[PDB]
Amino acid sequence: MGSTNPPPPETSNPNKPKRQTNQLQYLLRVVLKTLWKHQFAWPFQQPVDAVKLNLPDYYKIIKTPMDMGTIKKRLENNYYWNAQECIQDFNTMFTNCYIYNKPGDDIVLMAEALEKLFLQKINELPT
């Protein structure tokens, strides 16, 4: 009974309806590719490894995990039906960080920064 991580969110589901839309293509090519290069992106580039980071309570509190590594794979795999489903995953990722941690925490400042930028970039999407 060592701590383990849960399986990650799925990034493939052949039975799920999906599309490659202009807006989804933009979410990959512009928005995620951008965010992924930010100085504060690194904690969010993969599922939280609660074993490595010694956070045995993380997955007790966070029951809908999400990260930008899972997002990237989903966009690459054309997993989504529309851009809104993708934007929802970004919001879950941010909101998870705010739930688990506290205002003022370094990890919270990082999320807040990425989130301001994500919002700036999706303010105008393709048609």
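Note that residue numbering begins at 1 and tracks the sequence as displayed.
Peer 1: Hey, which bit's got the bigger mean C-alpha B factor in the entry, 44-52 or 22-30?
Peer 2: Per the deposited B-factors, the answer is 22-30.
Peer 1: Do the C-alpha atoms of 95-103 or of 34-42 have the higher average B factor in the entry?
Peer 2: According to the PDB entry, the answer is 34-42.
Peer 1: By the record's CA B-factor, is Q84 among the lowest, middle or highest third of residues in the chain?
Peer 2: Middle third.
Peer 1: Looking at the temperature factor on the CA atom of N77, which third of the chain's modelled residues does it land in?
Peer 2: For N77, the deposited C-alpha B-factor lands in the highest third.
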